[PDB]
file coords00.cif (mmCIF, C-alpha atoms and all ligand atoms)
data_run
loop_
_atom_site.label_atom_id
_atom_site.label_comp_id
_atom_site.auth_asym_id
_atom_site.auth_seq_id
_atom_site.Cartn_x
_atom_site.Cartn_y
_atom_site.Cartn_z
CA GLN I 201 146.47 247.00 -42.09
CA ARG I 202 147.08 247.08 -38.37
CA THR I 203 146.91 248.95 -35.01
CA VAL I 204 150.17 249.10 -32.97
CA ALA I 205 149.09 249.79 -29.36
CA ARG I 206 152.24 251.26 -27.72
CA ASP I 207 150.44 253.11 -24.88
CA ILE I 208 151.83 251.64 -21.59
CA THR I 209 150.01 252.86 -18.43
CA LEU I 210 152.69 253.54 -15.75
CA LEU I 211 150.69 252.55 -12.63
CA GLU I 212 153.12 252.74 -9.66
CA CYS I 213 156.83 253.45 -9.13
CA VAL I 214 158.56 250.39 -7.53
CA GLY I 215 162.12 251.80 -7.74
CA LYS I 216 163.88 255.21 -7.81
CA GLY I 217 167.66 255.70 -7.81
CA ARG I 218 170.55 257.38 -9.66
CA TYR I 219 169.76 254.82 -12.53
CA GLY I 220 166.35 256.53 -12.98
CA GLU I 221 163.03 254.83 -12.06
CA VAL I 222 161.26 251.46 -12.43
CA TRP I 223 157.42 251.40 -12.80
CA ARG I 224 154.84 248.67 -12.75
CA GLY I 225 153.02 249.27 -16.06
CA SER I 226 150.19 247.69 -18.04
CA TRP I 227 150.23 246.80 -21.70
CA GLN I 228 146.90 245.25 -22.87
CA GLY I 229 145.87 244.21 -19.28
CA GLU I 230 149.34 242.43 -18.93
CA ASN I 231 151.80 243.60 -16.18
CA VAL I 232 155.18 244.86 -17.46
CA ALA I 233 158.13 246.53 -15.70
CA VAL I 234 159.30 249.85 -17.25
CA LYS I 235 162.81 251.15 -16.46
CA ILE I 236 163.04 254.87 -17.31
CA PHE I 237 166.76 255.77 -17.59
CA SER I 238 168.39 258.87 -16.05
CA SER I 239 170.62 260.93 -18.42
CA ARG I 240 173.46 259.70 -16.07
CA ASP I 241 172.85 256.08 -17.17
CA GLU I 242 171.97 256.29 -20.96
CA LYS I 243 174.91 253.99 -21.83
CA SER I 244 173.28 251.14 -19.75
CA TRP I 245 170.15 251.38 -22.00
CA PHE I 246 172.35 251.35 -25.15
CA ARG I 247 174.40 248.37 -23.93
CA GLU I 248 171.41 246.21 -22.95
CA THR I 249 169.64 247.17 -26.22
CA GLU I 250 172.80 246.34 -28.29
CA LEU I 251 173.06 242.94 -26.57
CA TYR I 252 169.35 242.04 -27.16
CA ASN I 253 169.68 243.24 -30.80
CA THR I 254 172.63 240.75 -31.06
CA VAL I 255 171.00 237.79 -29.23
CA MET I 256 167.38 237.54 -28.03
CA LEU I 257 168.12 235.80 -24.69
CA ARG I 258 165.25 233.60 -23.50
CA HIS I 259 165.82 231.72 -20.24
CA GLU I 260 163.61 231.13 -17.17
CA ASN I 261 166.40 232.59 -14.93
CA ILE I 262 167.06 235.76 -17.08
CA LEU I 263 164.61 238.69 -16.67
CA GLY I 264 162.39 238.49 -19.79
CA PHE I 265 162.97 241.21 -22.40
CA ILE I 266 159.88 242.86 -23.94
CA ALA I 267 161.05 246.12 -25.57
CA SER I 268 163.57 248.95 -25.84
CA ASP I 269 161.92 252.30 -26.57
CA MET I 270 163.56 255.61 -27.52
CA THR I 271 161.11 258.58 -27.76
CA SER I 272 162.09 262.11 -28.95
CA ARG I 273 160.97 264.87 -26.47
CA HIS I 274 161.06 268.75 -26.90
CA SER I 275 164.72 268.99 -25.76
CA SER I 276 165.69 265.45 -24.54
CA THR I 277 165.58 261.74 -25.54
CA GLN I 278 163.51 259.41 -23.26
CA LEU I 279 164.85 255.81 -22.90
CA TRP I 280 162.65 252.99 -21.57
CA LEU I 281 163.46 249.26 -21.11
CA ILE I 282 160.33 247.08 -20.81
CA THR I 283 160.56 243.64 -19.19
CA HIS I 284 158.51 240.98 -17.45
CA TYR I 285 157.19 242.14 -14.06
CA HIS I 286 158.02 240.10 -10.90
CA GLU I 287 155.65 241.38 -8.18
CA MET I 288 157.72 239.75 -5.34
CA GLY I 289 160.57 242.20 -6.21
CA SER I 290 164.33 241.80 -5.78
CA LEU I 291 166.11 239.07 -3.80
CA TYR I 292 167.60 241.93 -1.70
CA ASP I 293 164.03 243.12 -0.79
CA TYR I 294 162.76 239.54 -0.26
CA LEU I 295 165.56 238.47 2.15
CA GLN I 296 164.94 241.48 4.49
CA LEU I 297 161.70 240.01 5.95
CA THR I 298 161.62 236.37 4.67
CA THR I 299 163.47 233.36 6.11
CA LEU I 300 164.09 230.24 4.03
CA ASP I 301 163.93 226.47 4.46
CA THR I 302 166.40 224.05 2.82
CA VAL I 303 164.23 223.52 -0.28
CA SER I 304 163.59 227.29 -0.92
CA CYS I 305 167.24 228.20 -0.23
CA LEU I 306 168.52 225.61 -2.74
CA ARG I 307 165.86 226.53 -5.33
CA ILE I 308 166.89 230.22 -5.12
CA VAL I 309 170.66 229.59 -5.44
CA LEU I 310 170.43 226.86 -8.11
CA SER I 311 168.11 229.14 -10.20
CA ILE I 312 170.69 231.97 -9.97
CA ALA I 313 173.54 229.55 -10.93
CA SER I 314 171.38 228.36 -13.87
CA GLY I 315 170.83 231.92 -15.15
CA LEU I 316 174.55 232.72 -14.71
CA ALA I 317 175.77 229.57 -16.52
CA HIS I 318 173.32 230.42 -19.35
CA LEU I 319 174.92 233.87 -19.68
CA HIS I 320 178.51 232.49 -19.45
CA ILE I 321 178.25 229.64 -22.02
CA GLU I 322 178.76 230.18 -25.77
CA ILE I 323 176.19 228.17 -27.82
CA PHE I 324 177.18 227.48 -31.50
CA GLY I 325 174.85 227.33 -34.56
CA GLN I 327 169.87 229.42 -32.39
CA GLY I 328 173.12 230.02 -30.42
CA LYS I 329 174.54 232.89 -28.32
CA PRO I 330 177.87 234.53 -27.58
CA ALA I 331 179.29 234.05 -24.09
CA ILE I 332 178.20 236.88 -21.76
CA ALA I 333 179.56 238.18 -18.43
CA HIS I 334 177.17 240.27 -16.28
CA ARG I 335 179.71 242.50 -14.39
CA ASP I 336 177.22 243.78 -11.74
CA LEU I 337 175.75 240.65 -10.12
CA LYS I 338 174.23 241.34 -6.67
CA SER I 339 171.01 240.65 -4.74
CA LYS I 340 169.37 243.91 -5.99
CA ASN I 341 169.89 242.65 -9.63
CA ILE I 342 168.06 239.35 -8.98
CA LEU I 343 164.22 239.15 -8.97
CA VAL I 344 162.14 236.54 -7.08
CA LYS I 345 159.52 234.84 -9.23
CA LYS I 346 156.16 233.51 -7.95
CA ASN I 347 157.37 229.88 -8.51
CA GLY I 348 160.29 230.34 -6.05
CA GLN I 349 163.00 230.49 -8.75
CA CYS I 350 164.89 233.77 -9.40
CA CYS I 351 165.98 235.61 -12.55
CA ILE I 352 169.00 237.79 -13.24
CA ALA I 353 168.36 241.44 -14.30
CA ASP I 354 170.37 244.43 -15.63
CA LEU I 355 172.67 243.67 -18.58
CA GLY I 356 173.74 247.36 -18.79
CA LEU I 357 177.38 246.46 -18.02
CA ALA I 358 177.37 243.05 -19.77
CA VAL I 359 180.27 242.00 -22.04
CA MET I 360 179.96 239.59 -25.01
CA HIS I 361 182.64 237.16 -26.39
CA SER I 362 182.66 234.82 -29.53
CA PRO I 374 181.95 254.85 -17.45
CA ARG I 375 179.66 252.65 -15.26
CA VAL I 376 181.64 250.14 -13.12
CA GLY I 377 180.34 247.32 -10.93
CA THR I 378 178.93 247.88 -7.39
CA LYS I 379 182.08 248.34 -5.25
CA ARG I 380 180.85 246.14 -2.32
CA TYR I 381 180.74 243.15 -4.73
CA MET I 382 183.99 243.79 -6.70
CA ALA I 383 186.46 240.90 -6.87
CA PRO I 384 190.03 241.49 -5.58
CA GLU I 385 191.50 241.74 -9.16
CA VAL I 386 188.99 244.57 -9.95
CA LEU I 387 189.91 246.46 -6.74
CA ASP I 388 193.75 246.03 -7.24
CA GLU I 389 193.40 246.73 -11.03
CA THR I 390 195.28 243.52 -11.95
CA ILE I 391 192.31 242.04 -13.88
CA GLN I 392 193.42 241.00 -17.43
CA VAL I 393 190.94 243.26 -19.32
CA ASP I 394 191.76 241.50 -22.72
CA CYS I 395 190.62 238.10 -21.34
CA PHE I 396 186.91 237.05 -21.40
CA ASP I 397 187.44 234.33 -18.71
CA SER I 398 188.52 237.18 -16.36
CA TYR I 399 184.99 238.64 -16.47
CA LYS I 400 183.33 235.28 -15.77
CA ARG I 401 185.61 234.90 -12.68
CA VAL I 402 184.50 238.37 -11.45
CA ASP I 403 180.86 237.24 -11.70
CA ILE I 404 181.68 234.01 -9.75
CA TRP I 405 183.13 236.11 -6.86
CA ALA I 406 179.91 238.19 -6.76
CA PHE I 407 177.80 234.98 -6.98
CA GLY I 408 179.64 233.65 -3.91
CA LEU I 409 178.68 236.85 -1.96
CA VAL I 410 175.01 236.45 -3.05
CA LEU I 411 175.13 232.78 -1.94
CA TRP I 412 176.35 234.03 1.53
CA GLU I 413 173.49 236.62 1.71
CA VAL I 414 170.86 233.92 0.97
CA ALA I 415 172.42 231.16 3.16
CA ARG I 416 172.30 233.48 6.21
CA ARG I 417 168.49 233.59 5.87
CA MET I 418 168.10 229.73 5.77
CA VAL I 419 166.81 228.45 9.17
CA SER I 420 168.60 225.50 10.87
CA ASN I 421 168.04 224.15 14.40
CA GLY I 422 165.73 227.19 15.02
CA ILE I 423 168.55 229.72 14.25
CA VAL I 424 168.77 232.26 11.39
CA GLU I 425 171.04 235.30 10.81
CA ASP I 426 169.57 238.77 10.22
CA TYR I 427 169.82 240.04 6.63
CA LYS I 428 173.17 241.82 6.13
CA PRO I 429 174.98 242.86 2.95
CA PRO I 430 178.41 241.35 2.23
CA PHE I 431 181.19 243.02 4.37
CA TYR I 432 178.60 244.88 6.52
CA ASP I 433 180.92 244.48 9.55
CA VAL I 434 184.17 245.79 7.94
CA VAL I 435 183.21 248.69 5.56
CA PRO I 436 180.89 251.69 5.79
CA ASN I 437 177.67 252.20 3.82
CA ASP I 438 178.64 253.26 0.25
CA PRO I 439 182.17 251.96 0.83
CA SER I 440 184.90 253.66 -1.19
CA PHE I 441 187.06 251.80 -3.66
CA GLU I 442 189.95 252.20 -1.07
CA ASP I 443 187.74 250.84 1.80
CA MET I 444 187.04 247.71 -0.31
CA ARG I 445 190.64 247.26 -1.54
CA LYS I 446 192.03 247.27 2.04
CA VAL I 447 189.50 244.64 3.21
CA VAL I 448 189.48 242.34 0.15
CA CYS I 449 193.01 242.76 -1.28
CA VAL I 450 195.34 243.86 1.53
CA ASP I 451 193.84 242.02 4.54
CA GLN I 452 192.22 239.30 2.35
CA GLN I 453 189.05 239.21 4.50
CA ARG I 454 186.06 237.07 3.46
CA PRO I 455 182.51 236.96 4.84
CA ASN I 456 182.14 235.14 8.21
CA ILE I 457 180.68 231.59 8.22
CA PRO I 458 178.69 231.24 11.51
CA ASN I 459 179.31 228.16 13.68
CA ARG I 460 175.61 227.17 13.46
CA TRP I 461 176.06 226.38 9.72
CA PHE I 462 178.35 223.40 10.58
CA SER I 463 175.42 221.59 12.34
CA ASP I 464 173.42 221.67 9.05
CA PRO I 465 174.51 219.53 6.05
CA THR I 466 173.01 222.03 3.50
CA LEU I 467 174.76 225.08 5.01
CA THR I 468 178.01 223.05 5.46
CA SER I 469 177.99 222.24 1.69
CA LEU I 470 177.06 225.88 0.82
CA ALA I 471 179.95 227.28 3.00
CA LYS I 472 182.37 225.06 1.00
CA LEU I 473 180.82 226.29 -2.25
CA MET I 474 181.09 229.97 -1.39
CA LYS I 475 184.77 229.45 -0.25
CA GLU I 476 185.50 228.10 -3.78
CA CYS I 477 184.00 231.28 -5.34
CA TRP I 478 186.32 233.54 -3.20
CA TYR I 479 189.85 232.34 -4.03
CA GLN I 480 192.24 235.32 -4.39
CA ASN I 481 193.51 233.57 -7.58
CA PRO I 482 190.66 234.03 -10.11
CA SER I 483 191.57 230.89 -12.07
CA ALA I 484 191.06 228.72 -8.87
CA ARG I 485 187.38 229.76 -8.61
CA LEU I 486 184.61 227.26 -9.56
CA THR I 487 182.82 227.72 -12.92
CA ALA I 488 179.05 228.38 -13.01
CA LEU I 489 178.57 224.89 -14.56
CA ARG I 490 180.56 223.28 -11.72
CA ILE I 491 178.46 225.26 -9.11
CA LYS I 492 175.24 223.93 -10.73
CA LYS I 493 176.50 220.32 -10.57
CA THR I 494 177.56 220.78 -6.90
CA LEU I 495 174.14 222.27 -6.02
CA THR I 496 172.18 219.38 -7.72
CA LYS I 497 174.04 216.93 -5.38
CA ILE I 498 173.17 218.89 -2.17
CA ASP I 499 170.22 217.21 -0.29
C1 LIG I 501 156.74 249.97 -31.96
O1 LIG I 501 156.63 250.06 -30.54
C2 LIG I 501 155.90 249.10 -29.87
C3 LIG I 501 155.18 248.15 -30.57
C4 LIG I 501 154.46 247.18 -29.80
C5 LIG I 501 153.65 246.26 -30.65
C6 LIG I 501 152.26 246.47 -30.54
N1 LIG I 501 151.39 245.76 -31.24
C7 LIG I 501 151.84 244.86 -32.14
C8 LIG I 501 153.20 244.64 -32.33
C9 LIG I 501 153.62 243.66 -33.32
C10 LIG I 501 154.53 242.67 -33.10
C11 LIG I 501 154.92 241.84 -34.14
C12 LIG I 501 154.43 241.95 -35.43
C13 LIG I 501 154.83 241.00 -36.51
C14 LIG I 501 153.56 240.52 -37.15
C15 LIG I 501 153.76 240.29 -38.64
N2 LIG I 501 155.03 239.63 -38.93
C16 LIG I 501 155.09 239.19 -40.33
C17 LIG I 501 156.08 240.63 -38.68
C18 LIG I 501 155.66 241.63 -37.60
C19 LIG I 501 153.49 242.92 -35.62
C20 LIG I 501 153.13 243.76 -34.58
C21 LIG I 501 154.12 245.36 -31.57
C22 LIG I 501 155.56 245.05 -31.69
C23 LIG I 501 154.41 247.18 -28.39
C24 LIG I 501 155.13 248.13 -27.72
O2 LIG I 501 155.17 248.14 -26.33
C25 LIG I 501 154.66 247.02 -25.55
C26 LIG I 501 155.85 249.09 -28.48
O3 LIG I 501 156.57 250.05 -27.82
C27 LIG I 501 157.77 249.65 -27.19
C1 LIG I 502 156.72 242.64 -27.68
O1 LIG I 502 155.91 241.97 -26.71
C2 LIG I 502 154.71 241.39 -27.11
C3 LIG I 502 154.26 241.32 -28.41
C4 LIG I 502 153.03 240.70 -28.72
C5 LIG I 502 152.60 240.59 -30.13
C6 LIG I 502 151.63 241.43 -30.64
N1 LIG I 502 151.24 241.35 -31.90
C7 LIG I 502 151.78 240.49 -32.74
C8 LIG I 502 152.77 239.64 -32.35
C9 LIG I 502 153.33 238.71 -33.33
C10 LIG I 502 152.51 237.99 -34.22
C11 LIG I 502 153.12 237.16 -35.13
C12 LIG I 502 154.52 237.02 -35.25
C13 LIG I 502 155.08 236.08 -36.26
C14 LIG I 502 156.58 235.98 -36.41
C15 LIG I 502 156.84 235.25 -37.74
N2 LIG I 502 156.16 233.93 -37.83
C16 LIG I 502 155.96 233.56 -39.25
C17 LIG I 502 154.83 233.82 -37.18
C18 LIG I 502 154.72 234.65 -35.92
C19 LIG I 502 155.33 237.75 -34.38
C20 LIG I 502 154.74 238.60 -33.47
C21 LIG I 502 153.18 239.69 -31.00
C22 LIG I 502 154.21 238.72 -30.46
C23 LIG I 502 152.30 240.15 -27.64
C24 LIG I 502 152.76 240.20 -26.33
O2 LIG I 502 152.11 239.69 -25.23
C25 LIG I 502 150.86 239.02 -25.47
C26 LIG I 502 153.99 240.81 -26.07
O3 LIG I 502 154.46 240.83 -24.78
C27 LIG I 502 154.11 241.88 -23.89
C1 LIG I 503 167.18 245.16 -11.19
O1 LIG I 503 166.76 245.57 -12.50
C2 LIG I 503 165.44 245.64 -12.91
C3 LIG I 503 164.32 245.18 -12.20
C4 LIG I 503 163.03 245.29 -12.73
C5 LIG I 503 161.86 244.79 -11.93
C6 LIG I 503 161.12 243.76 -12.49
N1 LIG I 503 160.06 243.25 -11.84
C7 LIG I 503 159.70 243.75 -10.65
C8 LIG I 503 160.37 244.80 -10.02
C9 LIG I 503 159.81 245.20 -8.67
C10 LIG I 503 158.42 245.18 -8.47
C11 LIG I 503 157.87 245.50 -7.21
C12 LIG I 503 158.71 245.84 -6.15
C13 LIG I 503 158.18 246.17 -4.79
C14 LIG I 503 157.02 247.17 -4.82
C15 LIG I 503 155.77 246.69 -4.07
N2 LIG I 503 156.09 246.10 -2.75
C16 LIG I 503 156.66 247.09 -1.82
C17 LIG I 503 157.00 244.92 -2.83
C18 LIG I 503 157.79 244.82 -4.14
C19 LIG I 503 160.10 245.84 -6.34
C20 LIG I 503 160.64 245.51 -7.59
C21 LIG I 503 161.48 245.36 -10.70
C22 LIG I 503 162.24 246.52 -10.10
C23 LIG I 503 162.85 245.85 -13.98
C24 LIG I 503 163.97 246.32 -14.71
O2 LIG I 503 163.86 246.91 -15.97
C25 LIG I 503 162.58 247.15 -16.57
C26 LIG I 503 165.24 246.26 -14.15
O3 LIG I 503 166.39 246.67 -14.80
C27 LIG I 503 166.84 245.86 -15.85
#
call {"tool": "encode", "arguments": {"input": "coords00.cif", "output": "structure tokens", "more": "lines below"}}
Ligand SMILES: COc1cc(-c2cncc(-c3ccc(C4CCN(C)CC4)cc3)c2C)cc(OC)c1OC
Ligand SMILES: COc1cc(-c2cncc(-c3ccc(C4CCN(C)CC4)cc3)c2C)cc(OC)c1OC
Ligand SMILES: COc1cc(-c2cncc(-c3ccc(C4CCN(C)CC4)cc3)c2C)cc(OC)c1OC
result
Amino acid sequence: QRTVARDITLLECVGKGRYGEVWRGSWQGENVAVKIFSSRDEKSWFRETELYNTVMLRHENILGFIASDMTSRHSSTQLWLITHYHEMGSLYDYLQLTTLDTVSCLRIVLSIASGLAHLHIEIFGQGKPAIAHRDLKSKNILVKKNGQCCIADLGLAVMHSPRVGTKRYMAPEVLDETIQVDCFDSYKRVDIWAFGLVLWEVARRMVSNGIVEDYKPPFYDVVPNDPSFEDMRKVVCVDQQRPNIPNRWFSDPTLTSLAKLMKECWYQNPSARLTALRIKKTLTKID
């Protein structure tokens, strides 16, 4: 019987953080991405592994799973997650340098909405539990060669049948600790808030009438870098600020429709926010 080639050549590091590292790797000529977890973030490996052991997600707008590997070392355990490799990198990276036209902007945001609705929706029978992401942001979205994106990092995901989200993207009910933690719909509504911020980040980079905004992260003008939980709560909960919509958007029918969409992701009342399925429908009718 058979040879099980497990050797993965780590070729270059494309990411280093408190999470650990991501490497471009090669298995059998074929490019893979290898996330090597820090000790700090072991529970993210376990959670993503537990989810994929429960349901083998397969969707064009979800980063493709290849393998979870645990290897015993002299005095530690090494944890690797192996996925598809997207050489264009994260949406965060991509937006820094690249501007968008109407077609690319819509393709990006509809692909993200598609991936998010896929996570959110329970399918009965080759089915899946409903899933909420809990850390949606432009660094957790990859740009594919075909212009569509895919959602990455299910390390905080929750399923329905001490890692917390990135503070800059936390919904008001997370910051004021009123979120109903027993309620699955609560977690979907937290993802819709974060989606609305991502839609703002992308829409800024769409050119209209020769104008584009510089890349900025959500709330760049009202909080410091690495904003505290308190910094965010005062802006989002107490003062009820929302990202600025520039005047130039209201000359462009695509950006006018997207400003309305992002407004309906940012209601203080979580139950007033649009669903991912309703966002998809709205986006298919733009242009
Ligand atoms: C263990 O570890 C790793 C394994 C592999 C890997 C390498 N060659 C072949 C395989 C393979 C897949 C599937 C079957 C089927 C065929 C027969 N059918 C009736 C049931 C079983 C057999 C063999 C795998 C899974 C790659 C890895 O990394 C890319 C591994 O490390 C994470
Ligand atoms: C993990 O990832 C990759 C794995 C492989 C790979 C290697 N050996 C064998 C296999 C295999 C063969 C046959 C079955 C069976 C299942 C039962 N049914 C009755 C018929 C089909 C399953 C598995 C695969 C899938 C290739 C890959 O890329 C080319 C992988 O991606 C990097
Ligand atoms: C968010 O999360 C995960 C992401 C990935 C992932 C998948 N494809 C590609 C990448 C990537 C490749 C290349 C660049 C740069 C380097 C070269 N040049 C300067 C431009 C582009 C950036 C990023 C990553 C980081 C894998 C993961 O796990 C294995 C992730 O975690 C789940």
call {"tool": "residues_near_ligand", "arguments": {"input": "coords00.cif", "ligand": "ligand LIG 502 (chain I)", "cutoff": "12 Å", "atoms": "all atoms listed in the file", "output": "list in words"}}
result
residues 202, 203, 204, 205, 206, 207, 208, 225, 226, 227, 228, 229, 230, 231, 232, 233, 234, 256, 264, 265, 266, 267, 268, 269, 281, 282, 283, 284 and 285 of chain I
call {"tool": "closest_atom_pairs", "arguments": {"input": "coords00.cif", "of": "chain I", "to": "ligand LIG 503 (chain I)", "cutoff": "7 Å", "atoms": "only C-alpha atoms and all ligand atoms", "output": "tab-separated table"}}
result
residue	atom	partner	partner_atom	distance
I:214	CA	I:LIG503	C14	4.5
I:215	CA	I:LIG503	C22	5.8
I:222	CA	I:LIG503	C22	5.5
I:224	CA	I:LIG503	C10	6.6
I:233	CA	I:LIG503	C25	4.6
I:234	CA	I:LIG503	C25	4.3
I:235	CA	I:LIG503	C25	4.0
I:281	CA	I:LIG503	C25	5.1
I:282	CA	I:LIG503	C25	4.8
I:283	CA	I:LIG503	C25	4.8
I:284	CA	I:LIG503	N1	6.2
I:285	CA	I:LIG503	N1	3.8
I:286	CA	I:LIG503	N1	3.9
I:287	CA	I:LIG503	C10	4.7
I:288	CA	I:LIG503	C18	5.2
I:289	CA	I:LIG503	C20	3.6
I:290	CA	I:LIG503	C20	5.5
I:340	CA	I:LIG503	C1	5.8
I:341	CA	I:LIG503	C1	4.0
I:342	CA	I:LIG503	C1	6.3
I:343	CA	I:LIG503	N1	6.5
I:353	CA	I:LIG503	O1	4.8
I:354	CA	I:LIG503	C27	3.8
I:355	CA	I:LIG503	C27	6.8
call {"tool": "closest_atom_pairs", "arguments": {"input": "coords00.cif", "of": "stretch 266-380 of chain I", "to": "stretch 487-496 of chain I", "cutoff": "12 Å", "atoms": "all atoms listed in the file", "output": "JSON lines"}}
result
{"residue": "I:302", "atom": "CA", "partner": "I:495", "partner_atom": "CA", "distance": 11.9}
{"residue": "I:303", "atom": "CA", "partner": "I:495", "partner_atom": "CA", "distance": 11.5}
{"residue": "I:305", "atom": "CA", "partner": "I:495", "partner_atom": "CA", "distance": 10.8}
{"residue": "I:306", "atom": "CA", "partner": "I:495", "partner_atom": "CA", "distance": 7.3}
{"residue": "I:307", "atom": "CA", "partner": "I:495", "partner_atom": "CA", "distance": 9.3}
{"residue": "I:308", "atom": "CA", "partner": "I:495", "partner_atom": "CA", "distance": 10.8}
{"residue": "I:309", "atom": "CA", "partner": "I:495", "partner_atom": "CA", "distance": 8.1}
{"residue": "I:310", "atom": "CA", "partner": "I:492", "partner_atom": "CA", "distance": 6.2}
{"residue": "I:311", "atom": "CA", "partner": "I:492", "partner_atom": "CA", "distance": 8.8}
{"residue": "I:312", "atom": "CA", "partner": "I:492", "partner_atom": "CA", "distance": 9.3}
{"residue": "I:313", "atom": "CA", "partner": "I:492", "partner_atom": "CA", "distance": 5.9}
{"residue": "I:314", "atom": "CA", "partner": "I:492", "partner_atom": "CA", "distance": 6.7}
{"residue": "I:315", "atom": "CA", "partner": "I:488", "partner_atom": "CA", "distance": 9.2}
{"residue": "I:316", "atom": "CA", "partner": "I:488", "partner_atom": "CA", "distance": 6.5}
{"residue": "I:317", "atom": "CA", "partner": "I:488", "partner_atom": "CA", "distance": 4.9}
{"residue": "I:318", "atom": "CA", "partner": "I:488", "partner_atom": "CA", "distance": 8.8}
{"residue": "I:319", "atom": "CA", "partner": "I:488", "partner_atom": "CA", "distance": 9.6}
{"residue": "I:320", "atom": "CA", "partner": "I:488", "partner_atom": "CA", "distance": 7.7}
{"residue": "I:321", "atom": "CA", "partner": "I:489", "partner_atom": "CA", "distance": 8.8}
{"residue": "I:333", "atom": "CA", "partner": "I:488", "partner_atom": "CA", "distance": 11.2}
call {"tool": "residues_around", "arguments": {"input": "coords00.cif", "residues": "stretch 397-409 of chain I", "least_positions_apart": "2", "cutoff": "8 Å", "atoms": "all atoms listed in the file", "output": "number ranges by chain"}}
result
I: 313, 320, 333-338, 381-383, 386, 391-393, 395, 411-413, 430, 455, 473-475, 477-478, 482-483, 485-488
call {"tool": "closest_residue", "arguments": {"input": "coords00.cif", "among": "I:270, I:257, I:236, I:210", "to": "ligand LIG 501 (chain I)", "atoms": "only C-alpha atoms and all ligand atoms"}}
result
I:270
call {"tool": "residues_around", "arguments": {"input": "coords00.cif", "residues": "residue I:442", "least_positions_apart": "4", "cutoff": "10 Å", "atoms": "all atoms listed in the file", "output": "count of residues only"}}
result
7
call {"tool": "residues_around", "arguments": {"input": "coords00.cif", "residues": "residue I:297", "least_positions_apart": "3", "cutoff": "9 Å", "atoms": "all atoms listed in the file", "output": "list in words"}}
result
residues 293, 294 and 427 of chain I
call {"tool": "atom_distance", "arguments": {"input": "coords00.cif", "atom1": "atom CA of residue I:362", "atom2": "atom CA of residue I:330"}}
result
5.2 Å
call {"tool": "axis_aligned_box", "arguments": {"input": "coords00.cif", "around": "ligand LIG 501 (chain I)", "padding_each_side": "8 Å", "output": "AutoDock Vina command-line options"}}
result
--center_x 154.6 --center_y 244.6 --center_z -32.9 --size_x 22.4 --size_y 26.9 --size_z 30.8
call {"tool": "atom_distance", "arguments": {"input": "coords00.cif", "atom1": "atom CA of residue I:278", "atom2": "atom CA of residue I:358"}}
result
21.7 Å
call {"tool": "closest_residue", "arguments": {"input": "coords00.cif", "among": "I:497, I:360, I:437, I:416", "to": "residue I:459", "atoms": "all atoms listed in the file"}}
result
I:416
call {"tool": "atom_distance", "arguments": {"input": "coords00.cif", "atom1": "atom CA of residue I:471", "atom2": "atom CA of residue I:456"}}
result
9.7 Å
call {"tool": "closest_residue", "arguments": {"input": "coords00.cif", "among": "I:271, I:298, I:349, I:327", "to": "ligand LIG 501 (chain I)", "atoms": "all atoms listed in the file"}}
result
I:271
call {"tool": "residues_around", "arguments": {"input": "coords00.cif", "residues": "residue I:262", "least_positions_apart": "3", "cutoff": "6 Å", "atoms": "all atoms listed in the file", "output": "PDB file with C-alpha atoms, in the coordinates of the input"}}
result
ATOM      1  CA  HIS I 259     165.820 231.720 -20.240  1.00  0.00           C
ATOM      2  CA  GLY I 315     170.830 231.920 -15.150  1.00  0.00           C
ATOM      3  CA  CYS I 351     165.980 235.610 -12.550  1.00  0.00           C
ATOM      4  CA  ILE I 352     169.000 237.790 -13.240  1.00  0.00           C
TER       5      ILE I 352
END
call {"tool": "residues_around", "arguments": {"input": "coords00.cif", "residues": "residue I:248", "least_positions_apart": "3", "cutoff": "6 Å", "atoms": "only C-alpha atoms", "output": "MDAnalysis selection string"}}
result
chainID I and resid 245 251 355:356
call {"tool": "closest_residue", "arguments": {"input": "coords00.cif", "among": "I:429, I:274, I:410, I:325", "to": "residue I:470", "atoms": "all atoms listed in the file"}}
result
I:410
call {"tool": "closest_residue", "arguments": {"input": "coords00.cif", "among": "I:460, I:472, I:445, I:240", "to": "residue I:425", "atoms": "only C-alpha atoms"}}
result
I:460
call {"tool": "closest_residue", "arguments": {"input": "coords00.cif", "among": "I:440, I:261, I:380, I:279", "to": "ligand LIG 501 (chain I)", "atoms": "all atoms listed in the file"}}
result
I:279
call {"tool": "decode", "arguments": {"input": "coords00.cif", "residues": "stretch 229-234 of chain I", "atoms": "N, CA and C atoms", "output": "PDB file, in the first residue's frame"}}
result
ATOM      1  N   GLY I 229       4.113  20.447  -5.841  1.00  0.00           N
ATOM      2  CA  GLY I 229       4.113  21.569  -6.804  1.00  0.00           C
ATOM      3  C   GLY I 229       3.087  22.659  -6.492  1.00  0.00           C
ATOM      4  N   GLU I 230       1.972  22.303  -5.816  1.00  0.00           N
ATOM      5  CA  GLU I 230       0.710  23.093  -5.626  1.00  0.00           C
ATOM      6  C   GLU I 230       0.853  24.064  -4.447  1.00  0.00           C
ATOM      7  N   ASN I 231       0.564  25.353  -4.668  1.00  0.00           N
ATOM      8  CA  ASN I 231       0.704  26.415  -3.639  1.00  0.00           C
ATOM      9  C   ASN I 231      -0.332  26.172  -2.539  1.00  0.00           C
ATOM     10  N   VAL I 232       0.098  26.232  -1.289  1.00  0.00           N
ATOM     11  CA  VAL I 232      -0.835  26.196  -0.130  1.00  0.00           C
ATOM     12  C   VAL I 232      -0.443  27.338   0.810  1.00  0.00           C
ATOM     13  N   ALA I 233      -1.355  27.750   1.673  1.00  0.00           N
ATOM     14  CA  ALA I 233      -1.030  28.710   2.741  1.00  0.00           C
ATOM     15  C   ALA I 233      -0.960  27.919   4.049  1.00  0.00           C
ATOM     16  N   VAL I 234       0.072  28.145   4.841  1.00  0.00           N
ATOM     17  CA  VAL I 234       0.258  27.431   6.127  1.00  0.00           C
ATOM     18  C   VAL I 234       0.250  28.447   7.255  1.00  0.00           C
TER      19      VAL I 234
END
